[PDB]
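See below for the structure under consideration.
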Amino acid sequence: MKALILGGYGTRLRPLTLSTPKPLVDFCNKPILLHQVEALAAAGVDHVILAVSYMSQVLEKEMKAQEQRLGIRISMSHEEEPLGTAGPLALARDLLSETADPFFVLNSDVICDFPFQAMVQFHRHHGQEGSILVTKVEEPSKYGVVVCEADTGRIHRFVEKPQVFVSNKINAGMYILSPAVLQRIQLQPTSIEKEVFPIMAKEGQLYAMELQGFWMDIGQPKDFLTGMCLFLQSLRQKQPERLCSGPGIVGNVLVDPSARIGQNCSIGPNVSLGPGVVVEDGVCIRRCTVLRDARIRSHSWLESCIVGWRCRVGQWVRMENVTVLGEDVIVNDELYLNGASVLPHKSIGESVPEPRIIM
Amino acid sequence: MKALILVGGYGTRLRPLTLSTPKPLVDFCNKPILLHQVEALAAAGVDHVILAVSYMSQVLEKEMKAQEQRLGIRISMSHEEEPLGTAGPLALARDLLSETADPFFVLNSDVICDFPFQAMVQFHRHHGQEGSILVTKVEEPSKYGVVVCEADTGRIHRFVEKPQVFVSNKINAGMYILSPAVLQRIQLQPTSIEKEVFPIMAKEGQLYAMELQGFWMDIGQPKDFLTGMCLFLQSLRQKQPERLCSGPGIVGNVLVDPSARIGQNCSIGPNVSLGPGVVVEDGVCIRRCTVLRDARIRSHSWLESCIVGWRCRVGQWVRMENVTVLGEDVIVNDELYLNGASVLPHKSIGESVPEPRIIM
Ligand SMILES: Nc1nc2c(ncn2[C@@H]2O[C@H](COP(=O)(O)OP(=O)(O)OP(=O)(O)O)[C@@H](O)[C@H]2O)c(=O)[nH]1
Ligand SMILES: Nc1nc2c(ncn2[C@@H]2O[C@H](COP(=O)(O)OP(=O)(O)OP(=O)(O)O)[C@@H](O)[C@H]2O)c(=O)[nH]1
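Line by line, the protein sequences give chains D and Z.
If you count by the UniProt record's numbering, then the first sequence holds residues 1 to 6, 8 to 360, one letter each, in order.
Every letter in the second sequence is one number past the one before it in the UniProt record's numbering, and letter 103, counting from 1, is 103.
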């Protein structure tokens with residue numbers, strides 16, 4: 001069977018997506034697209050189509066290298082206008098039509114551990130058009146809810162709007178679809194979840210499968226940080242010898258072998274250090290994500306932060322409240338950043354006391 | 001020739017320091033400010049000075065008896081049961097200033113400056129009238145009460161408390177030379193001298209005014225304490241450049257007590273007075289702060305413009321800016337941010353203070 005990967010300019014976490022595309026940003030020393038295609042190759046999908054409407058030549062580049070690395074083919078669906086999230090299915094519809102076999106369609110912003118063959122089992126057990134994945138959240142008033150009958154998993158109704166408490170369960174971003182669904186899908190830029198899932202739930206074709214746990218949509222920067230926390234938890238009780246252990250290391254940290262840490266510094270819990278980063282002496286880093294080539298100078302304090310590529314955080318810099326730095330941001334010595342989403346190629350010489358955007 | 005120091009009571013401003021030790025007893029560049037005034041006063045040649053205290057301060061009593069043995073000048077202590085203000089202390093010690101017909105100094109405790117005692121005696125002897133006032137420049141006339149002055153005599157025609165008319169640049173410097181007749185005016189009930197006694201003295205024009213050249217600061221408040229510490233280290237660099245401590249990780253004019261211990265690989269920036277017995281650990285940046293005695297600042301901290309009290313414990317990766325006055329025996333937990341936090345003594349902070357407020 002084949003699989004779609006859903008293109009263009011993820012508007013959230015904007016200081017990272019302005020430099021490289023949203024599926025290409027490193028999530029625990031690996032791009033999220035690489036995670037999804039590793040799990041797809043572990044499932045057994047022989048080729049996977051990655052729709053892209055934003056002109057992404059570097060995604061062509063690294064993806065051709067990954068075709069050559071991993072042993073599965075990849076087809077490149079290219080759109081000149083944004084066709085949304087259903088229009089990518091109808092552009093590549095003659096490829097999914099020439100084998101009558103159910104195909105995955107995947108969102109890129111979702112990290113979890115992926116029950117692909119169990120969802121194939123489920124789609125083979127219920128035996129209709131399309132199946133969804135659903136998960137639990139703590140906050141029903143932020144996401145659209147799905148009603149689910151016990152022992153069947155059928156979706157009676159699909160609600161986009163909260164505040165009614167009809168359901169706990171939330172869309173998880175994987176769908177499994179038949180080609181008859183693809184007959185229904187339409188080339189003009191409509192999104193799939195807005196109507197094509199609404200008539201399919203109204204007609205009752207849609208069924209729902211539930212995950213165990215560890216789901217995150219990391220389309221937002223604070224959601225990126227909570228997803229990185231839960232991914233380091235899942236790496237802790239799945240691959241405990243891949244996380245780095247040390248005397249000045251607290252909790253679960255992921256450190257790349259090209260990364261260097263100076264001595265007498267306290268790397269706190271839940272932080273991924275990218276390849277080639279330079280941490281000097283006296284730097285406390287808890288709950289942050291430091292992408293590639295980002296040098297953090299001595300005696301800094303960093304909590305809940307996204308440090309972009311080729312950054313230079315100076316000495317005695319305090320950064321808290323998920324301040325995202327873009328690419329090549331030069332933070333001067335002895336500053337304080339709180340909520341500062343800083344655009345790429347900026348130089349900061351002033352403290353940012355409340356959350357605002359620096360451009 | 002004698003002198004009187006007004007050191008009565010609790011200075012409301014800089015209240016987290018005044019709550020544990022008295023205001024003249026607070027360490028100003030590793031020395032109490034009253035030791036500064038009595039040491040320069042003994043450099044003048046005054047044989048005994050009187051200090052008039054309303055607050056019971058037994059620690060000031062025993063510290064001054066020690067300093068009496070130290071410098072070799074006598075000290076009698078005027079004791080008040082209720083507050084007598086600033087004119088009442090003159091009237092309670094009025095016979096000890098009335099024994100001998102000779103002009104005496106009276107001196108505010110909060111003033112730190114470069115003390116021209118001999119030139120002031122020469123100016124008072126030259127002009128030959130009742131009272132002599134030191135005046136100074138300020139950059140900011142709309143906070144402090146102004147004094148008019150004619151050139152080449154220095155007489156004060158008019159004493160104005162309220163600013164915002166710009167009739168004068170100069171303001172009072174807390175330094176007066178008074179004759180015994182001025183004391184003969186002063187009554188025993190608690191008025192303050194600068195509010196009426198100097199006003200009628202200037203009204204019949206007996207008051208004369210003398211200018212300094214520079215380096216004056218009333219340090220009653222905490223931000224004024226910091227900027228007076230900065231200007232004192234300026235003047236002390238320019239007179240005693242051997243006494244400030246030079247180092248590779250030391251920037252600017254830094255005074256460090258010999259009992260202080262400074263850790264490896266830390267940059268202590270300009271205008272820092274480090275008290276006796278303080279422990280600065282590795283990677284700690286201190287600029288423009290004054291750290292009073294026995295206070296420990298743990299590793300990788302950042303400190304700008306701050307007053308760290310006695311026996312404090314500033315933790316690790318704490319940032320302290322915008323005058324975060326710590327009292328005595330304040331522990332600050334690690335990884336916190338203090339901005340404007342005037343913290344009362346014996347407090348433990350586990351919460352970041354983002355805006356200036358008082359912690360009690
Ligand atoms: N290739 C193509 N991909 C698209 C287009 N629009 C959305 N996508 C993809 O649709 C997937 C899911 O949509 P969203 O969750 O809203 O993500 P997004 O489009 O990045 O938008 P934000 O994350 O809110 O900034 C994402 O992986 C997008 O890359 C498009 O017009 N062309
Ligand atoms: N001994 C005695 N000293 C007094 C009394 N009132 C004021 N003083 C002293 O008067 C001097 C100058 O007065 P201020 O400049 O207003 O200082 P302060 O009384 O400490 O008040 P603040 O500094 O604003 O808190 C200070 O050195 C005080 O110690 C008093 O009632 N008894």
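We treat Cβ as the ideally placed atom computed from N, Cα and C, and that holds for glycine.
Selected residue, minimal CA-CA separation from residue i, among the options
{"i": "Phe232 of chain D", "options": "D:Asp27, D:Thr12, D:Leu4, D:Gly9", "result": "D:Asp27"}
{"i": "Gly128 of chain D", "options": "D:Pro141, D:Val106, D:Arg155", "result": "D:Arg155"}
{"i": "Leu97 of chain D", "options": "D:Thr12, D:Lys2, D:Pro354", "result": "D:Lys2"}
{"i": "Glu161 of chain Z", "options": "Z:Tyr144, Z:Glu99, Z:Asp152", "result": "Z:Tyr144"}
{"i": "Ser348 of chain Z", "options": "Z:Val330, Z:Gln264, Z:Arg298", "result": "Z:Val330"}
{"i": "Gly350 of chain Z", "options": "Z:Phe104, Z:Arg313, Z:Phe215", "result": "Z:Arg313"}
{"i": "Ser179 of chain D", "options": "D:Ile262, D:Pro103, D:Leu84", "result": "D:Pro103"}
{"i": "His300 of chain Z", "options": "Z:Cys306, Z:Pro22, Z:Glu281, Z:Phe198", "result": "Z:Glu281"}
{"i": "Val284 of chain Z", "options": "Z:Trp302, Z:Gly11, Z:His79, Z:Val291", "result": "Z:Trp302"}
{"i": "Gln221 of chain Z", "options": "Z:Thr18, Z:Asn30, Z:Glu140, Z:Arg74", "result": "Z:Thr18"}
{"i": "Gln69 of chain D", "options": "D:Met360, D:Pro248, D:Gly249, D:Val38", "result": "D:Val38"}
{"i": "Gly275 of chain Z", "options": "Z:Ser109, Z:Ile268, Z:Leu292", "result": "Z:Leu292"}
{"i": "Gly309 of chain D", "options": "D:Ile5, D:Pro16, D:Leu6", "result": "D:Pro16"}
Residue i versus residue j - alpha carbon distance
{"i": "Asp47 of chain Z", "j": "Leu60 of chain Z", "result": "20 Å"}
{"i": "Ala93 of chain D", "j": "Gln189 of chain D", "result": "13 Å"}
{"i": "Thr324 of chain Z", "j": "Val256 of chain D", "result": "37 Å"}
{"i": "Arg357 of chain Z", "j": "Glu211 of chain Z", "result": "38 Å"}
{"i": "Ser76 of chain Z", "j": "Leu51 of chain Z", "result": "7 Å"}
{"i": "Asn339 of chain D", "j": "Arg13 of chain D", "result": "18 Å"}
{"i": "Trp216 of chain Z", "j": "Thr227 of chain Z", "result": "10 Å"}
{"i": "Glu335 of chain D", "j": "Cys113 of chain Z", "result": "32 Å"}
{"i": "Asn265 of chain Z", "j": "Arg298 of chain Z", "result": "13 Å"}
{"i": "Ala173 of chain D", "j": "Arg311 of chain D", "result": "33 Å"}
{"i": "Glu140 of chain Z", "j": "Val343 of chain Z", "result": "29 Å"}
{"i": "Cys29 of chain D", "j": "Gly88 of chain D", "result": "31 Å"}
{"i": "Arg125 of chain D", "j": "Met360 of chain D", "result": "52 Å"}
{"i": "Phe115 of chain D", "j": "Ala42 of chain D", "result": "11 Å"}
{"i": "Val254 of chain D", "j": "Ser273 of chain D", "result": "6 Å"}
{"i": "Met229 of chain D", "j": "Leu25 of chain D", "result": "15 Å"}
{"i": "residue 370 of chain Z", "j": "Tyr337 of chain D", "result": "Outside the displayed span of chain Z (1 to 360) sits residue 370 of chain Z, for which this structure offers no information."}
{"i": "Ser352 of chain D", "j": "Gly252 of chain Z", "result": "24 Å"}
{"i": "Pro22 of chain D", "j": "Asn108 of chain D", "result": "14 Å"}
{"i": "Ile133 of chain Z", "j": "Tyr208 of chain Z", "result": "6 Å"}
Reduced DSSP category for residue i - H, G, I as helix; E, B as strand; rest coil
{"i": "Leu25 of chain Z", "result": "helix"}
{"i": "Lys2 of chain Z", "result": "coil"}
{"i": "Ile186 of chain D", "result": "coil"}
{"i": "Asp218 of chain Z", "result": "strand"}
{"i": "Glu211 of chain D", "result": "strand"}
{"i": "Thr153 of chain Z", "result": "coil"}
{"i": "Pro32 of chain Z", "result": "strand"}
{"i": "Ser132 of chain Z", "result": "strand"}
{"i": "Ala260 of chain D", "result": "coil"}
{"i": "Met175 of chain Z", "result": "strand"}
{"i": "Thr191 of chain D", "result": "coil"}
{"i": "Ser142 of chain D", "result": "helix"}
{"i": "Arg237 of chain Z", "result": "helix"}
{"i": "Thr227 of chain D", "result": "helix"}
{"i": "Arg15 of chain D", "result": "helix"}
{"i": "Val121 of chain D", "result": "helix"}
{"i": "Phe166 of chain D", "result": "coil"}
Proximity test, residue i beta-carbon vs ligand 1 heavy atom, cut-off 7 Å
{"i": "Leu84 of chain D", "result": "yes"}
{"i": "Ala52 of chain D", "result": "yes"}
{"i": "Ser299 of chain Z", "result": "no"}
{"i": "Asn108 of chain D", "result": "yes"}
{"i": "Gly249 of chain D", "result": "no"}
{"i": "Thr191 of chain D", "result": "no"}
{"i": "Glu196 of chain D", "result": "no"}
{"i": "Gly263 of chain D", "result": "no"}
Check: residue i C-beta below 7 Å from any heavy atom of ligand 2
{"i": "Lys23 of chain D", "result": "no"}
{"i": "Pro141 of chain D", "result": "no"}
{"i": "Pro89 of chain Z", "result": "yes"}
Worksheet item: What runs of the beta strand (DSSP E), each 3 residues or longer, lie entirely inside the stretch 47 to 117 of chain Z?
Response: 48 to 53, 74 to 79, 104 to 108, 111 to 113
Discussion item. I'd like the ranges of any alpha helix (DSSP H) spanning at least 4 consecutive residues and lying wholly in the stretch 297 to 346 of chain D.
Written reply: DSSP runs (the alpha helix (DSSP H)) wholly in the stretch 297 to 346 of chain D: none.
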